[PDB]
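If you read the sequences in order, they're chains H and E.
Read in order, the letters of the first sequence correspond to residues 2 to 50 in the deposited numbering.
Read in order, the letters of the second sequence correspond to residues 126 to 188 in the deposited numbering.
Quick reminder that beta carbons are idealized off the backbone N, C-alpha and C, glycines included.
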Amino acid sequence: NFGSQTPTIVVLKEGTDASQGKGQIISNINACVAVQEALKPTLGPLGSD
Amino acid sequence: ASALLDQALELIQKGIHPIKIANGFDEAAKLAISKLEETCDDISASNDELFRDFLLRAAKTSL
Ligand SMILES: [Mg+2]
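As structure tokens, then:
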């Protein structure tokens, strides 16, 4: 009422990411598999560095 | 060292695993050292007069 703007209140502070939907927990799986991709060739005595 | 890497690059392109290349260089390094160790002779039997000559021989080479 103090102004014609009347902004809409956002629950979370600006800059916060989103979640739920579909694939949020899948995003955490692909992050661990990509890290696993580097450690797989290092396994075994014939492995690399 | 670079000569070992140049000969290793040709072996990698042939499909050889890099560890198998490193395993062959380790066994071949001890065979070369043990071979040259048998060929050399001991100069410690000479006296101090001849011992100075061997020091003059290796000095002129490094200079
Ligand atoms: Mg020198």
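Residue i, DSSP secondary structure in three states
{"i": "residue 12 of chain H", "result": "coil"}
{"i": "residue 172 of chain E", "result": "coil"}
{"i": "residue 150 of chain E", "result": "helix"}
{"i": "residue 39 of chain H", "result": "helix"}
{"i": "residue 132 of chain E", "result": "helix"}
Contact list for residue i against chain E, beta-carbon separation under 7 Å
{"i": "residue 47 of chain H", "result": "142 and 144"}
Beta-carbon proximity check, residue i vs residue j, cutoff 8 Å
{"i": "residue 144 of chain E", "j": "residue 47 of chain H", "result": "yes"}
{"i": "residue 133 of chain E", "j": "residue 146 of chain E", "result": "yes"}
{"i": "residue 168 of chain E", "j": "residue 150 of chain E", "result": "no"}
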